[PDB]
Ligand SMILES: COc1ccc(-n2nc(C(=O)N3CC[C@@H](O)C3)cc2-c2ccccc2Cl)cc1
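Below, in structure tokens: the form deposited without the named molecule, a single chain.
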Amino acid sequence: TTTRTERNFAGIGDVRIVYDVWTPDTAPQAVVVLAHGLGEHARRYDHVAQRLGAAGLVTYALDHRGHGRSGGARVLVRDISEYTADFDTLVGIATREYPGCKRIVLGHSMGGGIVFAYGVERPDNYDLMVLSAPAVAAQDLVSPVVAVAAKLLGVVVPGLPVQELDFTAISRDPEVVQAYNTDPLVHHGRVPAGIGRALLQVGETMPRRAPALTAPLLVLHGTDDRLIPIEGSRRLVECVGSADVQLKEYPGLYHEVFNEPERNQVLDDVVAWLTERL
């Protein structure tokens, strides 16, 4: 049994950041710091924390600024460092609360871009990294027109919409799409210029930032992901410095491998990979 506690901290700019702490009834084996993606929130991850908790892992999961229960204007960010600062604050909380535990940083989609960016900025500050369909090559996802728009407007007008998103691509389970579409806490609008620029910051410098990743890395990616082409992940595992790196491709899964029908196998793979590296 894994028990959820809700807490908050002051993120950068005094924005109120809400986060969950999931704690199991076994001696802590490691802490997991988890970053969700664009327009969603940490309560879309209840089942991931419960499965991690069954392996004795304590999961910390924040609602990014502008998401979920956290403060700030919805999906507003002006620089990638806003997201990574707040992620770093939560890493510190978990580090002070469970010293002597290994530290796993886990991120999906935009959260995967945030965790990669954090990781190359602080290569020595975590032990294991796990990325679900990481958004590390957004420049391959937007047109040249969208790219210049985001790069020129993302600091002055970070809420300006630049890019539509196909939400039916997040999962091939209709119930998952429907649950996303009816969630009053998720973003149903377009991709804003702010997040676009912030993700472009990550993508443009990924090939030379990545050799600074030394810690072990696991990447998960569905082959039918039409939100983030799997090719991006293949390219990332070639650029990372880490010798212990694997890409697990799941044939036929859509973008959110953790919400797909096969999610229990995906999570079984994650738990196995993590458990044997503690």
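Residue numbers run from 1 along the displayed sequence.
Keep in mind that the form deposited with the named molecule bound is not shown, yet the notes after this line are about it.
- When the named molecule is superposed onto this form from its pose in the deposited complex, none of its atoms comes within 2.4 Å of a backbone or C-beta atom, and the site is therefore classed as open.
- Residue heavy atoms within 4.5 Å of the named molecule in the deposited complex occur in exactly one stretch of 203-211, 85-93, 101-109, 117-125, and that stretch is 101-109.
- The partner is absent here, but in the deposited complex a heavy atom of 191, alone among 191, 80, 130, 153, sits within 4.5 Å of the named molecule.
- Though the named molecule is absent from this view, in the deposited complex it lies within 4.5 Å of a heavy atom of just one residue from 165, 76, 157, 185, which is 165.
- When the named molecule is considered in the deposited complex, residue 177 lies well away from it, no heavy atom lying within 4.5 Å.
- Residue 63 falls outside the set of residues with a heavy atom inside 4.5 Å of the named molecule in the deposited complex.
- Although the partner is absent here, residue 37 sits close enough that one of its heavy atoms falls within 4.5 Å of the named molecule in the deposited complex.
- Among heavy atoms of residue 245, none comes within 4.5 Å of the named molecule in the deposited complex.
- Heavy atoms of no residue among 172, 222 and 267 are located within 4.5 Å of the named molecule in the deposited complex.
- In the deposited complex, just one residue of 198-216 lies within 4.5 Å of the named molecule by at least one heavy atom: 199.
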